[PDB]
Structures are given as structure tokens and as C-alpha cells.
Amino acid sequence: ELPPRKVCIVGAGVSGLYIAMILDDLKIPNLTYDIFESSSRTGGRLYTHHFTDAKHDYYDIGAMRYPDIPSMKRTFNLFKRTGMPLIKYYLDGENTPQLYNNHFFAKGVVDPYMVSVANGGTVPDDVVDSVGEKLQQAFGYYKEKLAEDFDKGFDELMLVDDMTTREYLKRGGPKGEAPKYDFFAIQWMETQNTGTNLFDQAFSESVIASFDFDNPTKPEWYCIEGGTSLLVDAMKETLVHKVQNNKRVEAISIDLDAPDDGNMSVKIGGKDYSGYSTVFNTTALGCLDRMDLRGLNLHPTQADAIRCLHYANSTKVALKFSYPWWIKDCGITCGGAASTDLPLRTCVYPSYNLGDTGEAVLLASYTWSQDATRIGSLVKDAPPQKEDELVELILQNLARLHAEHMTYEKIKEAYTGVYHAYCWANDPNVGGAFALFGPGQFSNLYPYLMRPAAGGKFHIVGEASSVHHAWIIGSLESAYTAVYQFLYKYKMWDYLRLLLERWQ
């Protein structure tokens, strides 16, 4: 009795696969879909790089770690539904070094990095050792509201969304009744908390990032043993209609003079694909902006949101060593991460090879923003044919960062000559790592990004289309909400009730 209908899913990241997974589970009679993926690869920002097929010879280029907090239960539900082999992830480990101003951190010492005014620096003495307390004071009220109810705490956070993190810290909040900090105190707080320049983005983003990385529930963290791409594999195998790779959508349109439900079309390589009742676009917004969307007649501020919503860059560099020297020689036995102001910024010790004593991968450099753009400028699609500036830079920084136990020569001799790096802003299928909004964008541009378009038949889906940026959870919520709206638009009340019964 339900008429035949076809929907189009643009992009086969976790968002589009989740839409397909929900539709497949609902089994709506005479409903079909097409998934078009621009890349020859499926998975998007779920991307494990395997150095061999040996058990632990990999690293995750995209998503890799997941906190067990209530706001991410849909992600863990997806893990359980697919049989993902989860293991513990150590956000903090043992003996992980911290190196700033060429000094190592030491507990119970005043200004161990020698950056305070008292030791010839410009960081105020009352700030240099108290970045944790002072940011917890700036973020904590909003963080606990988000712990009660995320949507409600987000709505209250939006009342100060016009401010950057720096502007909030400089002026003492929205009416000056919080502590006010000078430039260098804010500069030190950013250096100790996030990537270079990121306090010049939205205050609300810094709050939510601290909520996810420093949650008040003090959560357990998890990784997928074997790499996150195992999740992509599992979602691929269940698909009723398989992904069509090497199909880049360059135009999306609706024919408003046609009476049928299936009056939407996409253009791929100059050829029309029509007959769609709804199009789900799941790409990053930069890819969407490059399409010809005139046939959708989008609201001008919705088009503005696609162009202007800010993305942060990110770069990862992973090196293979003949043995885990950080474990055996430095005593770094349970993961964690080493932070520094040296160019590599963050060195992540894998949680998934703690028992291995042979070949081991180190995530030697993990950067955001300008740090990632600078490292990324050394990352090529065809690495040079000993002469690699990036390798040499990483080995030198690793030696300085682990100087308490290692030499440059010992680290260099342990290096096998095999490495991989990836800069997400250089990926043509994303154009960045993830949404990280500027001041006022969440409260002003974001609502127009989600506004109904094409008479409720076009949906902009993905991590940037949610309140949970740079996490899998944002992709899943966005995709679920868009399926809701699709079922609502066509008054499929039986299956809408089933969607809420099964997937809410």
C-alpha cells in the first residue's frame, strides 16, 4: 500500500551508514536508497591506517577514543549492535612527560616551566600553576548544567555564545563579575589547554570540549581493538543497498513543478540521478558548499552557514619502532599522552599494544589548528625518497620530550623507517578535521543550517549538524533526527512510532 519511494544518501561516513542502518532495520515496504561516496574508500573520518595485517600494527587517522558518558550512549549502542571489540583507553597513563620552555613538569614545584613573572617570563604568578582551577571556574557552572541535561545546559550556554574563550576570560564573563585575566594569563591557559589560537574561537566550544575531555563523572574511556575502521566494515556488511564509491555529487535539486514525491535529483559527473523523495547530505560543509545547490532554493542565511561555519584543522603522525622504547626504557606502561610546546605538541602512547615487546606504533604527533597546519605542510601524498624533514623533526622532538631517559641516537636507531602522516585539511573529501565554531555561530548561524529546506525533503547531516562536534555522537544524532523528519514529512506514523521505540 505504501507507494514505491527512493531516498538519496550523499556520503558514506558514519552518518550515511547510520541512516542506511536505521532504514534497513525499519524495513519500510517499497522504500529504497542510494548511497553515493565520492572517495574510493568508505568510512570518512573513521579511518584506520594499517602498517601490516599484524594484530596491532595500525593507528587511527580519524576517530580513536570514546568516553563512557551518558551523552554518548548512542555511540556505545552502535558499538554493541555491531559487536565492536572494545578495550580500555587510557586518557592519562604513567610517567608521561610534559615539556614547556625546555623544562619538565614536577609536582609541588612553583613555576617548574620558568615562565612566570617571578622567573623572567610574562605569565602572572597567580596563573602559572593554576590553569586547571581557573578554567574549571570559567567552565564549571556550564559543565555541570550539561551534566544534568545536555540540551538544557546547551540552551543556557547559548546565552553567552557571542563571546570567544579569550573575550570571556578578559572581561570576566558577560557582566564582569568573574575574574578578568590579562593577555599573557589567557595565552598560558590556551597553551596548557588546547591548540594554538583556539581560545579565539567560541567560548561555548571550549566549554563543551572540557565537558567531553574532563567530564565531571570522571568516565572510563574505550578504544576499538583493531581500529575504528572495524566499525565501518560492520556497517558496510549489513547494507541492503551497497555503497557506490567514486560517485561525487556536484549538484542537488528539487523540481517544484513536479507533483510526485520523488521530484529530487543529484548530478554526478555531469549525469542526472533523479526520482528521489528525500536527499540526505552527510558531507562536511566545505564539500556541500562546492556543490551547485541553486535547485534547492536554500535560505540565504542557510547558505551563509554552509560557507562560514568554522572548521579546525588536524594532523596525525605515527611512527613504527622495532620495540616500544617508551614502555621499556621510559616506564610509560599504560598509555596516556605527553604534551609540549615543541612542534609535535602531543605524543599519544597507544593503549592497544601495552603487552607487545616487538614492533610497536607510536602516535608521535597529534595536533590541532595552526599547529596542525604547520605539521601538515610537511605531510605529502608522496613522501620524499633519509631526506624527510617531517621524520627528522619528529625524531628530534621525541628525543627532547623523552630526554630524561632517551637519546636522539637511541630513538633514531629504534625507528624502522616506516611512518605515516595525514592532514585532514588536505583531504579533498572533507577540507578540515571537524567543526569548531567561532563566536556567535552556534546561536546565530547553526539554527539556519538545520532549517527545513526543499519543503522538508533536503537534510544537512553530519557532525557539524549537531551540538556535539568532533565526536561520532554528533554524526549519529544528526542522522537519527533527519530520519525522524523524513518519516514525519511523509506521515509514516507506524514507522515513526517504530523509530522512536527502537532507535531513541
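All residue numbers refer to positions in the sequence shown, first residue = 1.
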{"item": "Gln385-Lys386 interval: deposited residues absent from the model", "value": "1 to 3"}
{"item": "Mean Cα B-factor comparison, 386 to 394 or 178 to 186, giving the higher one as deposited", "value": "386 to 394"}
{"item": "Stretch with the higher entry mean CA B-factor, where the candidates are 307 to 315 and 322 to 330", "value": "322 to 330"}
{"item": "Among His299, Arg171, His420, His241 - the residue whose C-alpha B-factor is largest in the record", "value": "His241"}
{"item": "Peak C-alpha temperature factor (PDB record), options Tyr366, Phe104, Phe213, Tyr142", "value": "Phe213"}
{"item": "Third of chain Cα B-factors occupied by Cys8", "value": "lowest"}
{"item": "Third of the chain's Cα B-factor distribution that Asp60 belongs to, per the entry", "value": "lowest"}
{"item": "CA B-factor ranking of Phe486, expressed as a third of its chain", "value": "lowest"}
{"item": "CA B-factor placement of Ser443, once the chain's modelled residues are sorted into thirds", "value": "middle"}
{"item": "Cα B factor band for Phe51 (lowest, middle or highest third within the chain)", "value": "highest"}
